[PDB]
Structure formats: C-alpha cells, structure tokens
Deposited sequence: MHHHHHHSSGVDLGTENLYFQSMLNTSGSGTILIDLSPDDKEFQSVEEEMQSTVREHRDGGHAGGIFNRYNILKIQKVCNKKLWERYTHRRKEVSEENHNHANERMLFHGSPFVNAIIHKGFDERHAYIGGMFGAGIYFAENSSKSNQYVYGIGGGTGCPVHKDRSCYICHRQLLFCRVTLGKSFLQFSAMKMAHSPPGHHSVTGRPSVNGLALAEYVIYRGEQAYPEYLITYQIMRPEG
C-alpha cells in the first residue's frame, strides 16, 4: 500500500500532546454510555504516526485548492475519527466507503472534537454489537483504535443542531451543539481528499473507580 506506521515513544513531546488531546476531550454522553461504554479516561497503549507519501500528497493538493478558494485559508483542524474501517483508511485513504450514509448532515465523512464521540463508533454505528470477542460495547479488556486526523474545512456551513455534496459555496459542514452545553463541535467533509489520517491511537477505556 505504501503505508508505514512509526511508533512514538511515550517520552516524545508529540506522543504527550496527542495523548493530552485524547484525554482532555472526553465528555459524558446522553446515552449514559450505551454506544461507547462508561469511562472518564483512557489507558493509551500505543500512538503511531501514519506515513504514506501518495496519500499525503493527495491531501496537500486538495488543501491548496480549498485555500485558493478561501482567501488563502485552508481552515485546517486536528479531529478524531472512529470507525470499523480504520485499517482500510490507513492503507488506502478516506473515500465514499467510509461515509456515514445516515448521518444528521447527510452522506459524508464525520469527525469529532470530542474523542469520546468518535469512540462511540469504533465498533460500528450505535456501537454495533460491541467488541468482537465479548460482544460488549463497554468492554474494558479489548484494544480499541481511533484516528487523530488533519482535516481541511475551508468555508464551513454552520448548522445549529439539537456521498452527498457540500452545500453550494462551502467546503464542509459544522454541526454546532445547540442543547447540550458541554458537547464540542462535529464536522463533515464530502471529499475523502480533505482529511489525512495522521495518528493511529491504540487504547482501552478505563472503568471508573468512583
């Protein structure tokens, strides 16, 4: 495929800053833990840099196009993605196969500021049937993987909220939380080339002590 994975050391400042973004963006969810499990923090087991020259140049080419359409502003963010297809994504890139057809902002590729939101989709929409081994959406034993991704939003359409195309004149959609005052924003792109899966994070959710 061209993809290689480089392990980061826990002593590396880059490992520490990615872990901190994982841990600090956990919130409680309105489903009481149904989809993603009950936890306040993670046990991070490994963080790997995803290196693929073809996929990177695909991303930067599209970033330059968006930028030039938006007064030299890519509006680039680092955002989480959770999916049963994480292993296809790191080898072949994001495409229409990784879209959420039934999502609140239409058929596109969804990203979260809250790591705990992406965690709800590790084992499928709604958490599917949970981990393959124990059939448990709150499994504390099995190893999970998330992507921390570089995403080009460009001009984003703001949706106040309780593959298709971007709204005309826009490069993405922003789902702004309008009820749960603790929820962070979620974002949708409609072209796989507008994201690069930069870090692969392997972790467990941790059982609260109390």
item	value
Parts of the chain sequence, as deposited, that carry no C-alpha coordinates in this structure	1-28, 191-192
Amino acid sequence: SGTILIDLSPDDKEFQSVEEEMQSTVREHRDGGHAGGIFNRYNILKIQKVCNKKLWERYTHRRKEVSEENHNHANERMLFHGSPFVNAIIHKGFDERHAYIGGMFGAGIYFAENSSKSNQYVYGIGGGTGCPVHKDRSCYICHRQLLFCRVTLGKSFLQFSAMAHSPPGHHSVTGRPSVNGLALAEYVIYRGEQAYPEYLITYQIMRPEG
From here on, numbers count along this sequence of modelled residues.
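Superpose the two forms; the largest set of C-alphas matching within 1.5 Å is the rigid core.
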| item | value |
| --- | --- |
| Between 169-177 and 57-65, larger RMS Cα displacement in 9 other deposited structures of this protein after core fit | 169-177 |
| Rigid core superposition result in 9 other deposited structures of this protein, more deviant of 96-104, 112-120 by Cα | 96-104 |
| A162 not built in a third or more of the other entries | yes |
| Mean Cα B-factor comparison, 70-78 or 133-141, giving the higher one as deposited | 133-141 |
| Stretch with the greater mean C-alpha B-factor as recorded in the entry, comparing 165-173 against 24-32 | 165-173 |
| Options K53, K49, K155, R62 - largest CA temperature factor per the record | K53 |
| Identity of residue with top Cα B-factor, from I109, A88, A112, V122 | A88 |
| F39 - Cα temperature factor, lowest/middle/highest third of chain | middle |
| CA B-factor placement of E186, once the chain's modelled residues are sorted into thirds | lowest |
| Record-listed C-alpha B factor of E19: chain third | lowest |
| B-factor third for the C-alpha atom of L45 within its chain | middle |
